[PDB]
Amino acid sequence: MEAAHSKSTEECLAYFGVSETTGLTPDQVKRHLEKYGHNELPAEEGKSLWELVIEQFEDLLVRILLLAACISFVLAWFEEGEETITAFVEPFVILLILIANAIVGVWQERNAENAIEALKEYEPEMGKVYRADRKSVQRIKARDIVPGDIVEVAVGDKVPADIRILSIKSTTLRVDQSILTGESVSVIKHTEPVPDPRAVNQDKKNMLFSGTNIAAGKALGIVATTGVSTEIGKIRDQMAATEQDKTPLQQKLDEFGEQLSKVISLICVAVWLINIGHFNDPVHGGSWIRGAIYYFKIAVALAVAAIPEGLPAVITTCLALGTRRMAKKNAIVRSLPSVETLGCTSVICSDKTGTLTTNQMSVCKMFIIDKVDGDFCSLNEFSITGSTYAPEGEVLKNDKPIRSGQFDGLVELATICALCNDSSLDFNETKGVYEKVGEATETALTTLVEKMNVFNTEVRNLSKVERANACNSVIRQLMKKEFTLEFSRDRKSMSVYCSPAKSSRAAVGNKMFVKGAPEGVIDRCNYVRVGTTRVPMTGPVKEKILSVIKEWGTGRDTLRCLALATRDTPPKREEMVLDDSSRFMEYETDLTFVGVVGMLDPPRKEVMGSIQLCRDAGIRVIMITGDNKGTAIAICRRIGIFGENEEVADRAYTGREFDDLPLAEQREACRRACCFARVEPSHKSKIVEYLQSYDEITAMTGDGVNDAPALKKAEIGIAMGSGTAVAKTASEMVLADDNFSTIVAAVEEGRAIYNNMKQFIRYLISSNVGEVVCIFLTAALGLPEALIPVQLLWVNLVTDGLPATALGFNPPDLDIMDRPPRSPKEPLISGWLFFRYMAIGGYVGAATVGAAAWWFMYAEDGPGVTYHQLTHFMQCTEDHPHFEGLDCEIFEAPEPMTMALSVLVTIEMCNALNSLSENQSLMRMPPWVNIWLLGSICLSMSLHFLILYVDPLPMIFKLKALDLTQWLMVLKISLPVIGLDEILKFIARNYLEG
Ligand SMILES: C/C=C(/C)C(=O)O[C@H]1C(C)=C2[C@H]([C@@H]1OC(=O)CCCCCCC)[C@@](C)(OC(C)=O)C[C@H](OC(=O)CCC)[C@@]1(O)[C@H]2OC(=O)[C@@]1(C)O
Ligand SMILES: Nc1ncnc2c1ncn2[C@@H]1O[C@H](COP(=O)(O)OP(=O)(O)CP(=O)(O)O)[C@@H](O)[C@H]1O
Ligand SMILES: [K+]
Ligand SMILES: [Mg+2]
């Protein structure tokens, strides 16, 4: 039953045809189970090991790697019978890289939480029902509860389904339903229908929601909806159905592997076409097995050279270390890759209470009526010092302190505040700080009354624990609180009914004290209190009352205002029905205005500045709050979002205003808007999607289970540290200090991280560019493998990997936050910079093979056909005559390979330095800015020297230490890469566009 809140007790009973005193019949339970199913959220979306390791291998680069291991593995079964048992080292290493990969992908799963699952925490195991088999109640599995069931609940129970309350057995019934929203004050529940069929949940005063807790009471009810059709159920489905896009980096990396795969193919075709003369070779002889070996051993060298195998491990290290840096600055990032999307944030929607403000309220101004005389009006305005909940502070009239007792309106205004109050105080001794007992806005009142000793109580010597509620107690001794009328949003007020507690204080009989939103209660006033006396309410006084309330609320004071009033002649107790808020507004009429109180919920110290950072950074900030639109605009002005005298007819909106727009004007409103007041939780998701439709990158704050779908929908979901468990698991980020300024600090760090990450990505990819040219020449010129795949593996995982990591620690730019947000559709390498890495990879591929060629041809340690005929080395074991009067196994020598490899390793340290900056010279930007990177270069060189010298390792790498004269050539060959980039950099700034 969808609309159970809008129906009568009887109607719901009749809908399912069940009797409240008997329950459902076994047959009716059979039938209701097959119609509505069991009372549970769907089982989790199943994944497994066999399905998890395959996911690791449905990447494309890793697929190609896997194939490259196979060929290598067959190759390690045909090279020679005994040339090298290190034939087997190649394929077994590639597998490790895949396995290591596979392993990590799954210990990142055995740890990751699910928000759909975090909901289940709010499903209770058991429930209680009455049914027709038994007179008495039976405890059963909440799983087996059905719509139409008669259910019982009491203190401490978790609510099993969504239930229409039938009868409240106890004298009252309060419910904790903060699991939905966040605010923990329990709320009164009633039995009568709620007329509006499109009522929001806060107004469903007669419903109990699955997942909430009973704070006080015992109630019988009938089950309206179960499982996925509850309110927490309707959120599970919004959360399941919402699909998160990939981060723009994953998006780019995916596009990389897609193009890399087609490139490799072009190169194979090319290699084949250049060796199409091989078809003109004679048929008898040669060695097909040695041709096929060669076009295969070059085929795998082509794969491990193309792919930046170290890259995912480097990205993940930067993120993980950035993450821990960010936790130092109060931001707890949940998934590593969202650090990239965070820094891209173009729009921020933050809640106001608690995040833009301290949620620590106290009363600042207050006024009573001093005199009424026709049109002539005089208010009596006051100010109050002290910003905390502590009773330290004083009242002033035009800046001189006053003794509040000599104002009679003041003693009355005091007692309303103390009596019309469900909250209080208790002094904490471990912190030495006064904290609040209930609601913050009421606690401000209970604090205000402690500052105006209306009865001038000698309190100048009291113990602090007993100083907590001293002035309030004397006002509790005066009137017994017979009962109270709870706050509801139709009438936006609350009240209490009181009787005097003595026999000498027992004057004037019974009274109602009233507080609420000023429009509503002032419209219900026909009298005005001037001191002890009383006078009929008029125009001139109502003017000069709403006048001051508009000033206090829409002024640079930005104050939250309550009107306070008494009903001097309340109805007789027997003529009030207390079980039905429908009548509570009518009970609270014919009032006497006593005064108005104005409190502040202050901005946080750091918020002012973070918003200017956002302007500097091209980030739109959007406030979301509960204040009336008028004071909402005013707080925006005070925190910098708006200018003081800047027109905002079209950049603020209430929910009521937002809905009354056709869907067209709604999308457009979200492009301009910077303020939303009094929203319905559904409006957060709408706002996101509209923002998304402009390719915005949106950060959204949220607190409770009913904020989860918008949290999961925004590009960056932001939860509060003090928020629910569920909202934390639905968010990409958690604020340990609930503070907005933390968000802005996270955007800053996430921009500083990507600009570093930007460079080591560029760095590693370029090396792979260079490697592939080395390989291509090898195959196109007809050269003995200048670089074996096993070596390349070392270079990409270890030798290159260390500078790349140091590069995540580049000093941040001074102007990180003075630039607009980065377009996600921005390529890493493009236009001119593409032409530049095309030239540098061009270099490297030539220098590497030329180091092998040099050692073969023009060098001292090996004769080699200067006539270039070395080329035909595969036909040396037979064609000794044809300009080859020398040896043959020399073309598998380690020495010319280490020449190549050393030239590669040395070249890559140089390129890491050129990579400290995209376009700035090293004469403008020294290498010793990144000290951690100077340091790591020294490390890899050692490891080069390690695998060149330590007896087990050179045979493994087909390597061989080279002497002083061979290092000098290695430097000669490699050192010029610095000079090459310094020139292309010179072009970038001085002659193209920039
Ligand atoms: C990595 C290994 C190299 C060999 C390669 O294939 O990369 C190409 C390709 C993948 C693109 C290119 C490379 O294109 C070439 O170098 C032309 C082919 C040369 C023929 C070889 C025989 C002489 C990148 C590498 O070239 C430069 C010059 O660096 C830059 C960039 O890559 C990036 O943006 C990296 C993504 C973070 C991409 O153009 C990229 O594809 C596009 O989708 C981008 C946007 O990705
Ligand atoms: N304890 C109380 N007794 C009577 N009226 C109260 C009250 N607390 C708040 N109000 C009044 O109720 C009006 C409606 O505000 P509501 O109380 O529903 O929201 P809220 O202040 O908790 C919103 P938010 O989501 O921003 O924190 C306010 O304008 C205020 O004048
Ligand atoms: K999200
Ligand atoms: Mg409130």
# chains A, B, ... in the order shown; residues from 1 in each chain; ligands from 1

$ residues_around --residues "residue 491 of chain A" --least-positions-apart "4" --cutoff "9 Å" --atoms "only C-alpha atoms" --output "list in words"
residues 487, 516, 517, 520, 521, 584 and 585 of chain A

$ write_last_selection --atoms "N, CA, C and O atoms" --output "PDB file, in the first residue's frame"
ATOM      1  N   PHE A 487       6.566  20.329  17.833  1.00  0.00           N
ATOM      2  CA  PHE A 487       6.736  21.075  16.603  1.00  0.00           C
ATOM      3  C   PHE A 487       6.260  20.249  15.412  1.00  0.00           C
ATOM      4  O   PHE A 487       6.563  19.040  15.330  1.00  0.00           O
ATOM      5  N   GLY A 516       8.151  29.571  17.788  1.00  0.00           N
ATOM      6  CA  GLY A 516       8.057  29.118  16.407  1.00  0.00           C
ATOM      7  C   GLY A 516       8.589  30.132  15.412  1.00  0.00           C
ATOM      8  O   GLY A 516       9.172  31.137  15.799  1.00  0.00           O
ATOM      9  N   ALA A 517       8.400  29.845  14.129  1.00  0.00           N
ATOM     10  CA  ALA A 517       8.768  30.752  13.061  1.00  0.00           C
ATOM     11  C   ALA A 517       7.857  31.978  13.145  1.00  0.00           C
ATOM     12  O   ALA A 517       6.643  31.851  13.343  1.00  0.00           O
ATOM     13  N   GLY A 520       4.210  32.736  11.191  1.00  0.00           N
ATOM     14  CA  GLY A 520       3.127  31.923  11.693  1.00  0.00           C
ATOM     15  C   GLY A 520       2.607  32.322  13.053  1.00  0.00           C
ATOM     16  O   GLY A 520       1.392  32.427  13.225  1.00  0.00           O
ATOM     17  N   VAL A 521       3.484  32.530  14.033  1.00  0.00           N
ATOM     18  CA  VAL A 521       2.964  32.839  15.359  1.00  0.00           C
ATOM     19  C   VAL A 521       2.497  34.288  15.485  1.00  0.00           C
ATOM     20  O   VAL A 521       1.613  34.571  16.289  1.00  0.00           O
ATOM     21  N   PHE A 584      -3.300  21.193  16.773  1.00  0.00           N
ATOM     22  CA  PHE A 584      -2.360  21.914  17.624  1.00  0.00           C
ATOM     23  C   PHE A 584      -2.206  23.369  17.194  1.00  0.00           C
ATOM     24  O   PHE A 584      -1.968  24.227  18.038  1.00  0.00           O
ATOM     25  N   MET A 585      -2.322  23.670  15.902  1.00  0.00           N
ATOM     26  CA  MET A 585      -2.289  25.077  15.498  1.00  0.00           C
ATOM     27  C   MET A 585      -3.498  25.821  16.059  1.00  0.00           C
ATOM     28  O   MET A 585      -3.354  26.921  16.577  1.00  0.00           O
TER      29      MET A 585
END

$ residues_near_ligand --ligand "ligand 1" --cutoff "6 Å" --atoms "only C-alpha atoms and all ligand atoms" --output "PyMOL selection string"
chain A and resi 252-253+255-256+259-260+263+306+765-766+768-769+772-773+827-829+834-835+837-838

$ residues_near_ligand --ligand "ligand 2" --cutoff "9 Å" --atoms "only C-alpha atoms and all ligand atoms" --output "PyMOL selection string"
chain A and resi 183+351-354+359+420-423+439-443+486-489+491-495+514-519+560-563+624-628+677-679

$ closest_residue --among "A:477, A:874, A:645, A:264" --to "residue 290 of chain A" --atoms "only C-alpha atoms"
A:874

$ atom_distance --atom1 "atom CA of residue 786 of chain A" --atom2 "atom CA of residue 71 of chain A"
19.2 Å

$ select_by_dssp --residues "segment 106-266 of chain A" --states "alpha helix (DSSP H)" --output "PyMOL selection string"
chain A and resi 106-107+115-120+231-240+248-266

$ write_last_selection --atoms "C-alpha atoms" --output "mmCIF file, in the first residue's frame"
data_model
loop_
_atom_site.group_PDB
_atom_site.id
_atom_site.type_symbol
_atom_site.label_atom_id
_atom_site.label_comp_id
_atom_site.auth_asym_id
_atom_site.auth_seq_id
_atom_site.Cartn_x
_atom_site.Cartn_y
_atom_site.Cartn_z
ATOM 1 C CA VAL A 106 41.889 -9.310 -5.857
ATOM 2 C CA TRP A 107 43.312 -8.168 -2.496
ATOM 3 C CA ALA A 115 27.122 0.522 -0.037
ATOM 4 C CA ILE A 116 24.212 -1.643 -1.204
ATOM 5 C CA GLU A 117 25.516 -4.095 1.414
ATOM 6 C CA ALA A 118 26.028 -1.405 4.054
ATOM 7 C CA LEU A 119 22.231 -0.978 3.910
ATOM 8 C CA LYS A 120 21.706 -4.530 5.166
ATOM 9 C CA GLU A 231 11.821 3.848 1.735
ATOM 10 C CA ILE A 232 15.278 2.392 2.363
ATOM 11 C CA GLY A 233 14.305 -0.104 -0.321
ATOM 12 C CA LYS A 234 13.506 2.607 -2.814
ATOM 13 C CA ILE A 235 17.003 3.912 -2.142
ATOM 14 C CA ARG A 236 18.746 0.530 -2.683
ATOM 15 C CA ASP A 237 17.302 0.537 -6.179
ATOM 16 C CA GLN A 238 18.353 4.085 -6.983
ATOM 17 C CA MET A 239 21.827 3.119 -5.859
ATOM 18 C CA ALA A 240 21.965 -0.162 -7.793
ATOM 19 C CA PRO A 248 39.128 10.533 -17.415
ATOM 20 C CA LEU A 249 42.518 8.895 -16.846
ATOM 21 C CA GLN A 250 41.176 5.344 -17.017
ATOM 22 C CA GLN A 251 39.302 6.658 -20.025
ATOM 23 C CA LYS A 252 42.567 7.885 -21.558
ATOM 24 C CA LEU A 253 44.542 4.753 -20.564
ATOM 25 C CA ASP A 254 41.835 2.587 -22.149
ATOM 26 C CA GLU A 255 42.081 4.672 -25.327
ATOM 27 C CA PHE A 256 45.875 4.257 -25.194
ATOM 28 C CA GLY A 257 45.799 0.448 -25.138
ATOM 29 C CA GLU A 258 43.252 0.531 -27.944
ATOM 30 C CA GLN A 259 45.531 2.534 -30.229
ATOM 31 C CA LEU A 260 48.692 0.798 -29.045
ATOM 32 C CA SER A 261 47.217 -2.484 -30.219
ATOM 33 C CA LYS A 262 46.557 -1.197 -33.762
ATOM 34 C CA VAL A 263 50.053 0.365 -33.924
ATOM 35 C CA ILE A 264 51.833 -2.896 -33.152
ATOM 36 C CA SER A 265 49.848 -4.437 -36.008
ATOM 37 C CA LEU A 266 50.940 -1.746 -38.459
#

$ closest_residue --among "A:137, A:699, A:411, A:790" --to "ligand 3" --atoms "only C-alpha atoms and all ligand atoms"
A:699

$ atom_distance --atom1 "atom CA of residue 836 of chain A" --atom2 "atom CA of residue 941 of chain A"
26.4 Å

$ residues_near_ligand --ligand "ligand 3" --cutoff "12 Å" --atoms "only C-alpha atoms and all ligand atoms" --output "compact mmCIF listing (two decimals) with N, CA, C and O atoms, in the first residue's frame"
# COMPACT_ATOMS: atom_id res chain seq x y z
N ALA A 115 28.12 -0.32 -0.69
CA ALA A 115 27.12 0.52 -0.04
C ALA A 115 25.74 -0.11 -0.08
O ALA A 115 24.95 0.07 0.85
N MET A 239 20.40 3.31 -6.00
CA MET A 239 21.83 3.12 -5.86
C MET A 239 22.34 2.00 -6.77
O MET A 239 23.42 2.12 -7.34
N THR A 242 22.39 3.15 -10.55
CA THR A 242 23.19 4.29 -10.95
C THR A 242 24.58 3.79 -11.30
O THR A 242 25.22 3.08 -10.52
N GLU A 243 25.02 4.14 -12.51
CA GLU A 243 26.28 3.61 -13.02
C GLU A 243 27.36 4.68 -13.06
O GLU A 243 27.17 5.75 -13.65
N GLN A 244 28.50 4.41 -12.42
CA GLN A 244 29.59 5.38 -12.40
C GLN A 244 30.47 5.29 -13.64
O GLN A 244 31.00 4.23 -13.97
N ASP A 245 30.62 6.42 -14.32
CA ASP A 245 31.55 6.53 -15.44
C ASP A 245 32.98 6.26 -14.98
O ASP A 245 33.28 6.34 -13.78
N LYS A 246 33.85 5.93 -15.92
CA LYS A 246 35.27 5.81 -15.63
C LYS A 246 35.91 7.21 -15.48
O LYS A 246 35.45 8.18 -16.10
N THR A 247 36.96 7.29 -14.66
CA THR A 247 37.72 8.52 -14.50
C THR A 247 38.40 8.85 -15.82
O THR A 247 38.68 7.95 -16.62
N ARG A 334 38.56 7.48 -0.40
CA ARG A 334 38.11 6.10 -0.31
C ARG A 334 38.65 5.25 -1.46
O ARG A 334 39.28 4.22 -1.22
N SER A 335 38.42 5.67 -2.71
CA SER A 335 38.98 4.95 -3.85
C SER A 335 40.09 5.76 -4.53
O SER A 335 39.90 6.94 -4.85
N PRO A 337 41.49 6.07 -7.56
CA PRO A 337 41.39 6.84 -8.81
C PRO A 337 40.57 8.14 -8.73
O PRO A 337 40.65 8.94 -9.66
N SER A 338 39.80 8.37 -7.67
CA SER A 338 38.95 9.56 -7.63
C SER A 338 39.74 10.83 -7.28
O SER A 338 39.23 11.94 -7.38
N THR A 341 39.58 12.71 -10.47
CA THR A 341 38.31 13.39 -10.74
C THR A 341 38.09 14.55 -9.77
O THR A 341 37.46 15.55 -10.12
N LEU A 342 38.60 14.41 -8.55
CA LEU A 342 38.47 15.46 -7.54
C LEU A 342 39.10 16.77 -7.96
O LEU A 342 38.51 17.84 -7.80
N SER A 685 19.70 14.75 -6.35
CA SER A 685 19.97 13.97 -7.54
C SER A 685 19.62 14.74 -8.81
O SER A 685 20.40 14.74 -9.76
N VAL A 688 22.35 17.28 -9.59
CA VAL A 688 23.54 16.63 -10.13
C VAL A 688 23.37 16.39 -11.63
O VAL A 688 24.08 16.98 -12.44
N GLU A 689 22.39 15.57 -12.00
CA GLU A 689 22.10 15.29 -13.40
C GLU A 689 21.99 16.52 -14.31
O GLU A 689 22.42 16.48 -15.45
N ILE A 697 31.75 18.71 -13.38
CA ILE A 697 32.28 17.67 -12.53
C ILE A 697 31.94 18.05 -11.11
O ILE A 697 32.57 18.96 -10.54
N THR A 698 30.96 17.37 -10.55
CA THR A 698 30.28 17.86 -9.35
C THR A 698 30.67 17.17 -8.05
O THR A 698 30.64 15.93 -7.95
N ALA A 699 31.02 17.96 -7.05
CA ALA A 699 31.17 17.43 -5.71
C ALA A 699 29.89 17.71 -4.93
O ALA A 699 29.37 18.81 -4.96
N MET A 700 29.40 16.70 -4.23
CA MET A 700 28.18 16.81 -3.44
C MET A 700 28.41 16.34 -2.01
O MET A 700 28.90 15.22 -1.82
N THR A 701 28.05 17.17 -1.03
CA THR A 701 28.00 16.71 0.36
C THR A 701 26.66 16.01 0.68
O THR A 701 25.66 16.25 0.02
N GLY A 702 26.66 15.15 1.70
CA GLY A 702 25.46 14.44 2.14
C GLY A 702 25.70 13.67 3.43
O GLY A 702 26.84 13.40 3.79
N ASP A 707 20.66 10.47 1.53
CA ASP A 707 21.57 11.27 0.73
C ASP A 707 22.46 10.37 -0.16
O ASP A 707 23.17 10.84 -1.04
N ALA A 708 22.39 9.07 0.10
CA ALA A 708 23.22 8.11 -0.59
C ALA A 708 23.08 8.16 -2.13
O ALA A 708 24.10 8.24 -2.82
N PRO A 709 21.84 8.16 -2.67
CA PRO A 709 21.76 8.14 -4.14
C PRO A 709 22.40 9.32 -4.85
O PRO A 709 22.85 9.13 -5.98
N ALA A 710 22.45 10.49 -4.23
CA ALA A 710 23.07 11.65 -4.85
C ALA A 710 24.58 11.60 -4.68
O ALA A 710 25.32 11.87 -5.63
N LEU A 711 25.02 11.25 -3.47
CA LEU A 711 26.41 10.86 -3.22
C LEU A 711 26.96 9.85 -4.25
O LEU A 711 28.04 10.04 -4.78
N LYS A 712 26.22 8.77 -4.51
CA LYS A 712 26.67 7.79 -5.48
C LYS A 712 26.57 8.32 -6.91
O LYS A 712 27.20 7.79 -7.81
N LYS A 713 25.79 9.37 -7.12
CA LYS A 713 25.54 9.83 -8.49
C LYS A 713 26.54 10.89 -8.93
O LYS A 713 27.00 10.88 -10.06
N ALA A 714 26.88 11.79 -8.02
CA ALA A 714 27.85 12.83 -8.31
C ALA A 714 29.20 12.22 -8.67
O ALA A 714 29.50 11.10 -8.27
N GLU A 715 30.01 12.96 -9.43
CA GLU A 715 31.36 12.49 -9.76
C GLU A 715 32.19 12.32 -8.49
O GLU A 715 32.93 11.36 -8.36
N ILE A 716 32.08 13.24 -7.54
CA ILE A 716 32.69 13.04 -6.23
C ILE A 716 31.67 13.14 -5.11
O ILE A 716 31.20 14.22 -4.81
N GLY A 717 31.35 12.01 -4.49
CA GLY A 717 30.46 11.98 -3.35
C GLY A 717 31.22 12.30 -2.07
O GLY A 717 32.23 11.65 -1.79
N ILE A 718 30.75 13.28 -1.30
CA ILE A 718 31.41 13.70 -0.06
C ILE A 718 30.59 13.47 1.21
O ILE A 718 29.55 14.09 1.42
N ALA A 719 31.08 12.60 2.09
CA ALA A 719 30.38 12.31 3.34
C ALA A 719 31.02 13.04 4.50
O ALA A 719 32.21 13.40 4.44
N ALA A 727 26.25 6.41 4.27
CA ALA A 727 26.60 7.55 3.44
C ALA A 727 28.10 7.63 3.26
O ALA A 727 28.57 8.20 2.28
N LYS A 728 28.86 7.09 4.20
CA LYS A 728 30.31 7.06 4.06
C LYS A 728 30.72 6.06 2.99
O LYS A 728 31.66 6.30 2.23
N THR A 729 30.03 4.94 2.94
CA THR A 729 30.40 3.92 1.98
C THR A 729 29.89 4.27 0.57
O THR A 729 30.26 3.62 -0.40
N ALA A 730 29.07 5.32 0.46
CA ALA A 730 28.51 5.72 -0.84
C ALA A 730 29.28 6.90 -1.39
O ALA A 730 29.02 7.39 -2.48
N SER A 731 30.25 7.35 -0.63
CA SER A 731 30.96 8.54 -1.02
C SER A 731 32.39 8.23 -1.41
O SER A 731 32.96 7.23 -0.97
N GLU A 732 32.96 9.09 -2.25
CA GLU A 732 34.33 8.94 -2.69
C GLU A 732 35.30 9.53 -1.68
O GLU A 732 36.49 9.20 -1.69
N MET A 733 34.78 10.37 -0.78
CA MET A 733 35.60 11.11 0.19
C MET A 733 34.86 11.40 1.52
O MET A 733 33.65 11.62 1.53

$ atom_distance --atom1 "atom CA of residue 656 of chain A" --atom2 "atom CA of residue 363 of chain A"
29.5 Å

$ select_by_dssp --residues "segment 397-600 of chain A" --states "strand (DSSP E or B)" --output "ChimeraX atom specification"
/A:397,400-401,425-427,434-436,479-488,493-500,511-516,525-530,533-536,560-567,591-600

$ residues_around --residues "segment 739-752 of chain A" --least-positions-apart "5" --cutoff "10 Å" --atoms "only C-alpha atoms" --output "PyMOL selection string"
chain A and resi 319+322-323+325-327+329-333+338-346+348+350-352+354-358+604-611+613-614+617+619+699+701+718+720-721+733-734+757-758+808-813+816-817+821-822

$ residues_around --residues "segment 128-134 of chain A" --least-positions-apart "6" --cutoff "9 Å" --atoms "only C-alpha atoms" --output "MDAnalysis selection string"
chainID A and resid 20:26 140:142 145 149:153 160

$ write_last_selection --atoms "C-alpha atoms" --output "mmCIF file, in the first residue's frame"
data_model
loop_
_atom_site.group_PDB
_atom_site.id
_atom_site.type_symbol
_atom_site.label_atom_id
_atom_site.label_comp_id
_atom_site.auth_asym_id
_atom_site.auth_seq_id
_atom_site.Cartn_x
_atom_site.Cartn_y
_atom_site.Cartn_z
ATOM 1 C CA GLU A 20 -6.308 -5.590 14.050
ATOM 2 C CA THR A 21 -7.152 -7.829 16.984
ATOM 3 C CA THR A 22 -6.643 -11.121 15.140
ATOM 4 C CA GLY A 23 -3.965 -10.734 12.475
ATOM 5 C CA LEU A 24 -3.544 -12.430 9.104
ATOM 6 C CA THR A 25 -4.587 -16.001 8.462
ATOM 7 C CA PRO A 26 -2.103 -18.726 7.412
ATOM 8 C CA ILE A 140 9.714 -14.312 13.634
ATOM 9 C CA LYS A 141 12.362 -13.665 10.969
ATOM 10 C CA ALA A 142 12.005 -10.147 9.574
ATOM 11 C CA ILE A 145 7.062 -10.459 7.326
ATOM 12 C CA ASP A 149 0.664 -7.988 8.795
ATOM 13 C CA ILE A 150 -0.232 -6.746 12.241
ATOM 14 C CA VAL A 151 3.121 -5.799 13.771
ATOM 15 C CA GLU A 152 4.246 -4.906 17.275
ATOM 16 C CA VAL A 153 7.302 -2.774 18.219
ATOM 17 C CA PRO A 160 11.353 -4.409 10.229
#

$ residues_around --residues "segment 892-896 of chain A" --least-positions-apart "2" --cutoff "7 Å" --atoms "only C-alpha atoms" --output "list in words"
residues 851, 852, 855, 856, 889, 890, 898, 899, 900, 958, 959 and 960 of chain A

$ write_last_selection --atoms "N, CA and C atoms" --output "short mmCIF file (atom, residue, chain, number, x, y, z; two decimals), in the first residue's frame"
data_model
loop_
_atom_site.label_atom_id
_atom_site.label_comp_id
_atom_site.auth_asym_id
_atom_site.auth_seq_id
_atom_site.Cartn_x
_atom_site.Cartn_y
_atom_site.Cartn_z
N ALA A 851 74.51 1.54 -30.58
CA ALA A 851 75.43 1.12 -29.53
C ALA A 851 75.83 -0.33 -29.74
N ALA A 852 74.88 -1.14 -30.23
CA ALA A 852 75.18 -2.52 -30.60
C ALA A 852 76.00 -2.54 -31.90
N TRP A 855 79.61 -1.40 -31.45
CA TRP A 855 80.44 -2.46 -30.89
C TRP A 855 80.74 -3.54 -31.93
N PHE A 856 79.80 -3.76 -32.85
CA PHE A 856 80.01 -4.71 -33.93
C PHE A 856 80.94 -4.13 -34.99
N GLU A 889 79.19 -17.10 -33.71
CA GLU A 889 78.39 -17.05 -32.49
C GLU A 889 78.49 -15.67 -31.82
N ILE A 890 79.40 -14.86 -32.34
CA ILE A 890 79.63 -13.50 -31.86
C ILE A 890 78.37 -12.62 -31.97
N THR A 898 74.74 -5.08 -23.85
CA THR A 898 74.89 -4.23 -22.67
C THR A 898 75.25 -2.82 -23.10
N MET A 899 75.89 -2.71 -24.25
CA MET A 899 76.13 -1.41 -24.86
C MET A 899 74.80 -0.70 -25.16
N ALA A 900 73.90 -1.40 -25.84
CA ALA A 900 72.54 -0.92 -26.06
C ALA A 900 71.83 -0.58 -24.76
N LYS A 958 71.95 -11.91 -20.16
CA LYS A 958 72.81 -11.97 -21.33
C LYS A 958 73.59 -10.65 -21.38
N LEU A 959 74.19 -10.31 -20.25
CA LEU A 959 74.96 -9.07 -20.09
C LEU A 959 76.46 -9.31 -19.82
N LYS A 960 77.23 -8.23 -19.73
CA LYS A 960 78.68 -8.29 -19.55
C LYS A 960 79.30 -6.91 -19.29
#

$ residues_around --residues "segment 188-195 of chain A" --least-positions-apart "2" --cutoff "8 Å" --atoms "only C-alpha atoms" --output "number ranges by chain"
A: 5-9, 165-168, 172-175, 186, 197, 199, 203-207, 486, 579-581

$ write_last_selection --atoms "C-alpha atoms" --output "short mmCIF file (atom, residue, chain, number, x, y, z; two decimals), in the first residue's frame"
data_model
loop_
_atom_site.label_atom_id
_atom_site.label_comp_id
_atom_site.auth_asym_id
_atom_site.auth_seq_id
_atom_site.Cartn_x
_atom_site.Cartn_y
_atom_site.Cartn_z
CA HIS A 5 -0.04 7.55 5.41
CA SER A 6 -2.94 9.29 3.63
CA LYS A 7 -5.48 6.62 4.68
CA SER A 8 -7.37 5.92 7.86
CA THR A 9 -6.62 3.17 10.33
CA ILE A 165 0.63 2.87 13.05
CA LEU A 166 -2.78 1.64 14.24
CA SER A 167 -2.79 2.30 17.98
CA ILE A 168 -0.23 3.54 20.46
CA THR A 172 3.52 8.43 23.78
CA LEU A 173 5.67 7.08 20.91
CA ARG A 174 9.02 8.58 19.94
CA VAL A 175 11.21 7.33 17.04
CA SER A 186 13.49 11.62 18.19
CA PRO A 197 -1.07 12.03 -0.69
CA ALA A 199 3.60 14.11 1.45
CA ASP A 203 5.50 14.91 7.50
CA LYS A 204 4.34 11.30 7.63
CA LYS A 205 3.70 11.58 11.36
CA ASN A 206 1.81 8.25 11.45
CA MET A 207 4.32 6.07 9.61
CA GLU A 486 5.40 19.05 19.52
CA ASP A 579 -3.22 12.69 20.10
CA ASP A 580 -3.55 14.72 16.90
CA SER A 581 -1.34 17.59 15.64
#

$ closest_residue --among "A:270, A:33, A:307, A:474" --to "residue 453 of chain A" --atoms "only C-alpha atoms"
A:474

$ residues_around --residues "residue 888 of chain A" --least-positions-apart "5" --cutoff "12 Å" --atoms "only C-alpha atoms" --output "list in words"
residues 784, 862, 863, 864, 870, 872, 873, 874, 875, 876, 877, 878, 879, 880 and 893 of chain A
